[PDB]
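Here the structure is laid out as structure tokens; the discussion comes afterwards.
Convention: sequence-line order gives letters A, B, ...; per-chain numbering from 1.
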Number of protein chains: 2
Amino acid sequence: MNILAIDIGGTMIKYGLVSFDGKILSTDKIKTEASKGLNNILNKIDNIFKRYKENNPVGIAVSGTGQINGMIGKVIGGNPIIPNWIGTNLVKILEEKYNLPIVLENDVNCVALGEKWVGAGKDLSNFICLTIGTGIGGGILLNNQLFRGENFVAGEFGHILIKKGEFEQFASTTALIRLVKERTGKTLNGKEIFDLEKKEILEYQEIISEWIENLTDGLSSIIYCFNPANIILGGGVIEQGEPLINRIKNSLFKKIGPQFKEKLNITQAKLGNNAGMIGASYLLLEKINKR
Amino acid sequence: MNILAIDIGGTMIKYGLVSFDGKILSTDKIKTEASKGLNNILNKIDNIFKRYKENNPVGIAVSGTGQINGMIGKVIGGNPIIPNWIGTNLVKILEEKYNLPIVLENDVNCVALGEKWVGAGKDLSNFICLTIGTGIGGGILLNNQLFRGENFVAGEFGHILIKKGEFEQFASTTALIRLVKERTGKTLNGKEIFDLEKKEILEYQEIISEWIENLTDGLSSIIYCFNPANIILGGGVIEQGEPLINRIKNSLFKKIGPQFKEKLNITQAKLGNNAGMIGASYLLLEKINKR
């Protein structure tokens with residue numbers, strides 16, 4: 001007894017089976033080919049279903065890209081990276097085709113729910129969980145429930161303002177890569193950039209330190225709004241910490257007042273790139289039972 | 001019966017009786033004299049209680065200054081304007097002294113609950129309420145409940161960043177006055193500032209327009225965090241009413257995406273400077289009413 005989980009990212013689709021206890025049982029990967037459009041993605045989903053059809057999945061749980069109404073499983077907006085993706089009720093399409101319960105939820109909410117279930121939030125009822133990849137987004141857990149916003153787009157932290165501009169444009173991993181490119185002429189990986197800092201090359205120390213300041217600028221605005229006790233950081237370059245987590249703490253605590261930091265902890269996501277599949281599966285199980 | 005409501009500001013204390021339906025029955029004012037300290041505050045509360053003892057109030061509901069844990073009624077921080085105020089467990093002290101139920105809550109949470117009870121939040125289960133006076137603060141209502149934060153200081157919106165610096169420093173009424181003072185040498189009250197704009201004085205039109213942009217910068221960050229459907233603005237120059245609200249709305253809608261503005265209302269608080277007394281009383285009634 002397992003769940004067929006599908007994590008549709010802008011570049012990769014990761015899929016496999018998740019147990020009723022939130023354990024990854026198997027995983028695979030396939031290129032999204034986002035520019036080929038919705039019917040491309042539905043074809044890939046169909047091949048995923050045949051590959052697992054005889055595992056008798058109780059349903060299909062999908063983590064998607066873009067702005068999504070997760071109550072009904074509809075893409076309502078976001079960046080137009082996949083033609084005809086926006087507007088799609090994937091719960092509609094897949095429930096009719098495969099005659100199984102479906103959920104569709106946006107990317108960072110699934111990660112947050114994954115960490116809530118079996119990850120860095122498993123002992124928490126409240127936290128803010130941010131992923132730092134190509135952009136910055138957040139999933140908000142308040143009194144044990146995901147907080148989606150009145151129009152399902154709460155937690156789009158990447159668009160808040162910091163001193164330099166949009167949060168995302170200066171504190172995502174993409175922004176870090178861009179800062180290195182602007183100053184050194186080199187187009188590097190997040191790992192490659194931090195390896196160079198590990199060799200104490202001054203140029204990369206100054207850029208990463210500047211990027212950390214951009215990052216804790218935006219975090220402090222979030223903390224003044226929410227006064228959380230727990231922030232969970234994930235994605236990409238968070239692969240780096242605990243040493244990264246500590247620098248982020250030190251930088252942040254200089255920018256927020258005593259009542260905002262005295263009970264505040266910042267910790268690393270535990271589930272890595274599986275959080276999305278796990279969180280989507282958590283949502284599917286809520287939908288199936290109770291009720 | 002009735003509720004004895006006390007609104008402690010940094011300069012004045014406003015107090016009187018509030019009905020069980022949220023109606024102001026009487027008000028008085030007396031100087032806070034903040035520098036005289038906690039024992040001074042307790043004396044004023046005592047004289048306030050003696051004046052109304054013979055109406056047999058069901059309890060004392062206090063809107064306080066500073067950072068406050070409203071669940072237990074203790075001052076936990078803020079700017080140290082009243083010696084020994086911070087650390088004071090006012091509910092413990094007053095329930096023992098007067099043997100009536102007491103509540104103590106921070107300023108903008110009381111305003112929010114006031115607007116929730118009988119003001120602009122009368123029919124809403126979710127909203128964000130900002131006061132725009134000497135600083136900027138907010139009370140957050142989510143699923144019919146005040147959202148205080150894990151350490152009781154959620155909603156300190158004045159400290160989030162905008163491109164120019166701290167929100168409060170460029171978008172409070174104090175900031176507007178300071179902007180007029182820096183550009184013209186004159187110290188005006190805000191009515192005087194907007195009166196000069198109605199006279200199409202170019203200098204004051206340009207300053208107010210710049211101040212409005214500062215304000216919607218900060219609001220846009222709040223909207224990206226919370227994706228509310230209802231924002232209630234009160235305090236200071238919001239006295240100007242609908243002509244100002246509409247300009248704020250137009251300025252703001254240029255800065256947030258369709259899913260954030262499609263269902264969003266900017267509305268004016270209805271209760272003015274009586275909201276605090278009314279909301280503190282709402283809180284006391286919540287404490288009193290159980291089976």
### Message
Please report the interatomic distance OH(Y15(A)) to CG(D7(A)), rounded to the nearest 0.5 Å.
### Response
13.0 Å

### Message
Before you tell me yes or no, could you show the steps for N151(A) and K263(B) under side chain to side chain donor-acceptor pair (under 3.5 Å), namely the whole-Å CA-CA distance, both residues' side-chain angles and the distance that decides it to 0.1 Å?
### Response
CA-CA 8 Å; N151(A) 201 29; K263(B) 301 150 91 189; 3.2 Å; yes

### Message
Run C129(A) and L141(A) through side chain to side chain contact (heavy atoms under 4.5 Å, CB included) and show every step you take.
### Response
CA-CA 8 Å; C129(A) 171; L141(A) 266 297; over 6 Å; no

### Task
Find out whether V62(A) and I8(A) are in side-chain contact, i.e. whether some heavy atom of one side chain is under 4.5 Å from a heavy atom of the other.
yes

### Message
Per the ring pair (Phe, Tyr, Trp, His ring centres under 6.0 Å) rule, what does the pair list look like for residues 44-74 of chain A, sequence neighbours excluded?
### Response
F49(A)-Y98(A)

### Query
Any donor and acceptor pair, going by atom type alone, linking the side chain of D217(B) with main-chain N or O of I162(B) inside 3.5 Å?
no

### Task
Using modelled atom types only, decide if a donor and an acceptor are shared between the side chain of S220(B) and the backbone of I256(B) within a distance under 3.5 Å.
no

### Query
Which pair of heavy atoms, one from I193(A) and one from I208(A), lies closest together, and at what distance?
CG2-CD1, 3.8 Å

#### Entry: Pairwise side-chain contact, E150(B) with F226(A), heavy-atom cut-off 4.5 Å (strictly under)
no

### Task
Take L219(A) and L130(A) through the side chain to side chain contact (heavy atoms under 4.5 Å, CB included) test and state the conclusion after the steps.
CA-CA 10 Å; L219(A) 287 182; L130(A) 294 94; 4.0 Å; yes

Using distance only, find each side-chain donor-acceptor pair of residues 77-88 of chain A under 3.5 Å and give its atom names and separation, not counting sequence neighbours.
residue: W85(A); atom: NE1; partner: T65(A); partner atom: O; Å: 2.8
residue: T88(A); atom: OG1; partner: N84(A); partner atom: O; Å: 2.8
residue: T88(A); atom: OG1; partner: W85(A); partner atom: O; Å: 2.9

### Query
Under the ring-ring contact (aromatic ring centres under 6.0 Å, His included) test, which residues partner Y204(A), sequence neighbours left out?
none

### Message
Suppose we screen for salt bridge (charged side-chain N to carboxylate O under 4.0 Å, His left out). Which residues come up paired with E213(A), at least two apart in sequence or across chains?
### Response
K255(A)

### Query
Is a donor on one side and an acceptor on the other found under 3.5 Å between the side chain of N227(B) and the backbone of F152(A)?
yes

### Any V58(A) side-chain heavy atom under 4.5 Å of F20(A) side chain
yes

### Query
More than 12 foreign heavy atoms under 6.0 Å from CD of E239(A): is that the case here?
no

### Query
With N143(B), which residues qualify under side-chain hydrogen bond (donor to acceptor under 3.5 Å, both in side chains), at least two apart?
none

### Message
Please determine whether the number of non-hydrogen atoms from other residues, nucleotides or ligands lying under 6.0 Å from atom CD of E33(A) exceeds 12.
### Response
yes

### Message
More than 12 heavy atoms of other residues, nucleotides or ligands under 6.0 Å from CE of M12(A): yes or no?
### Response
yes

### Query
What's the spacing between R148(A) CZ and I140(A) CD1 if we round to 0.5 Å?
11.5 Å

#### Entry: Where at least one partner belongs to residues 120-141 of chain A, residue pairs that pass side chain to side chain donor-acceptor pair (under 3.5 Å), sequence neighbours excluded
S125(A)-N144(A)

#### Entry: Whether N214(B) side chain and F170(B) backbone form a donor-acceptor pair below 3.5 Å
yes

#### Entry: Counterpart residues, ring-ring contact (aromatic ring centres under 6.0 Å, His included), relative to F167(A) (two or more places apart)
none

### Query
Does the pair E96(A)/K92(A) count as a salt bridge with the N-to-O cut at 4.0 Å?
no

#### Entry: Criterion side chain to side chain contact (heavy atoms under 4.5 Å, CB included) on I128(A) and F157(A), from CA distance to verdict
CA-CA 11 Å; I128(A) 302 171; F157(A) 299 131; 3.6 Å; yes

### Message
Strictly distance-based, threshold 3.5 Å: is any side-chain N or O of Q169(A) a donor or acceptor partner for the main-chain N or O of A175(A)?
### Response
no

### Task
Determine the minimum heavy-atom distance between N106(B) and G66(B), stating which atoms define it.
CB-O, 3.8 Å

### Residue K254(A) excluded, over 12 heavy atoms near NZ under 6.0 Å
no

### Message
Run the ring-ring contact (aromatic ring centres under 6.0 Å, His included) test against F260(B) and tell me which residues pass, sequence neighbours left out.
### Response
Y224(B)

### Message
Can you confirm whether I68(A) sits close enough to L90(A) that some side-chain heavy atom of one is under 4.5 Å from a side-chain heavy atom of the other?
### Response
no

### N43(A) side-chain N/O to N39(A) backbone N/O, donor-acceptor pair under 3.5 Å
yes

### Query
Which atom names give the shortest non-hydrogen contact between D21(A) and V118(A), and what distance separates them?
O-CG1, 3.5 Å

### Task
With side chain to side chain contact (heavy atoms under 4.5 Å, CB included) as the test, would you mind laying out the steps for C225(B) and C225(A) before giving the verdict?
CA-CA 8 Å; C225(B) 295; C225(A) 292; 4.2 Å; yes

### Query
Any sub-3.5 Å donor-acceptor pair from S251(A)'s side-chain atoms to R247(A)'s backbone N or O?
no

### Straight-line distance of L104(A) CG to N89(A) CG, nearest 0.5 Å
8.0 Å

#### Entry: side-chain hydrogen bond (donor to acceptor under 3.5 Å, both in side chains) involving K164(A) - partner list, sequence neighbours excluded
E210(A)

## Note on the structure
Closest heavy-atom pair, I248(A) versus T216(A), reported as atoms and distance to 0.1 Å, is O-CG2, 3.5 Å

### Query
Taking atom CG of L124(A) and atom CD1 of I232(A), what is their separation to the nearest 0.5 Å?
5.5 Å

### Message
If you count every heavy atom of other residues, nucleotides or ligands that lies below 6.0 Å from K74(B) atom NZ, does the total exceed 12?
### Response
no

What pairs of donor and acceptor atoms, side-chain ones from residues 271-291 of chain A against any protein atom, are under 3.5 angstrom apart with sequence neighbours left out?
residue: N274(A); atom: OD1; partner: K14(A); partner atom: NZ; Å: 2.5
residue: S281(A); atom: OG; partner: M277(A); partner atom: O; Å: 2.9
residue: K287(A); atom: NZ; partner: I102(A); partner atom: O; Å: 2.7

### Task
Kindly give the heavy-atom pair with the smallest separation between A120(B) and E115(B), and that separation in Å.
N-OE1, 2.9 Å

### Nearest-0.5 Å distance that lies between atom OG1 in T174(A) and atom CD1 in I136(A)
10.0 Å

### Query
Is the backbone of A34(A) close enough, under 3.5 Å, to the side chain of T32(A) for a donor and an acceptor to pair up by distance?
no

### Task
Taking all non-hydrogen atoms of both residues into account, name the closest pair between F194(A) and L176(A) and its distance.
CE1-CD2, 3.8 Å

## Note on the structure
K249(A) meets the side-chain contact (heavy atoms from CB on, under 4.5 Å) criterion, sequence neighbours left out, with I245(A), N246(A), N265(A), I266(A)

### Message
Can you tell me if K50(A) has over 12 outside heavy atoms packed within less than 6.0 Å of its NZ?
### Response
yes

### Task
Please list, chain by chain and in numerical order, all residues satisfying side-chain hydrogen bond (donor to acceptor under 3.5 Å, both in side chains) with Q67(A), sequence neighbours excluded.
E156(A), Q259(B)

### Gap between atom CG of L233(A) and atom CD of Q240(A) - 0.5 Å precision
13.5 Å

